[PDB]
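Student: Everything below, folded, please.
(one chain, ligands or ions: 1)
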Amino acid sequence: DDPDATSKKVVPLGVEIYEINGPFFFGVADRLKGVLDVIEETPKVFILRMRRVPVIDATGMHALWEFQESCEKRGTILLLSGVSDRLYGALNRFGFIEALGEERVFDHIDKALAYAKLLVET
Ligand SMILES: [Cl-]
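Tutor: Residues are numbered from 1 along each chain as shown. Find the structure here:
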């Protein structure tokens with residue numbers, strides 16, 4: 001049914017993964033808020049899976065900025081995976097791509113995981 005389900009992948013220890021359920025509007029924003037303050041063992045790498053996300057509004061983008069700030073305060077590396085060309089365009093116009101760094105943004109979970117693995121190894 002879904003060859004790219006997280007359950008089908010090899011997820012290194014120290015990598016946490018959070019999958020968004022759709023458009024990143026106020027619902028998703030309310031759920032992502034503060035997620036790093038309730039994980040007890042802070043992840044080295046956090047992957048936000050965005051394959052289901054074609055669109056983000058201002059509230060979504062505000063939550064995503066504050067989440068990236070929370071990751072930097074915890075020395076967690078944020079990666080985005082499954083970023084479509086339309087989402088990337090939104091995130092670039094908002095300024096988020098240049099703030100996070102292009103090398104942290106992937107179009108597929110396999111690539112993000114490959115990088116996460118390298119980061120945990122090193
Ligand atoms: Cl993804």
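Student: contacts and neighbour counts: CA atoms only from here.
Tutor: Noted.
Student: What distance do you get for residue 91 to residue 44?
Tutor: Separation of residue 91 from residue 44 (C-alpha to C-alpha, to the nearest Å): 23 Å.
Student: residues contacting the residue nearest to the spatial centre of the chain?
Tutor: Compute the mean C-alpha point of the chain, and by C-alpha atoms, centre = their mean the closest residue is residue 48, 2.1 Å away. Contacts for residue 48 were tallied using C-alpha atoms under 8 Å, 6 or more residues apart in numbering; they are 17-20, 78-81.
Student: Just want to check the distance between residue 62 and residue 95.
Tutor: Distance of residue 62 to residue 95, given as C-alpha to C-alpha: 12 Å.
Student: out of those two, which sits in the more crowded spot?
Tutor: When residue 62 and residue 95 are compared on other C-alpha atoms under 10 Å, the one with more neighbours turns out to be residue 62, at 15 against 12.
Student: Just to be sure, that one is in a strand?
Tutor: No: read with DSSP: H, G, I helix; E, B strand; the rest coil, residue 62 is helix and lies in no strand.
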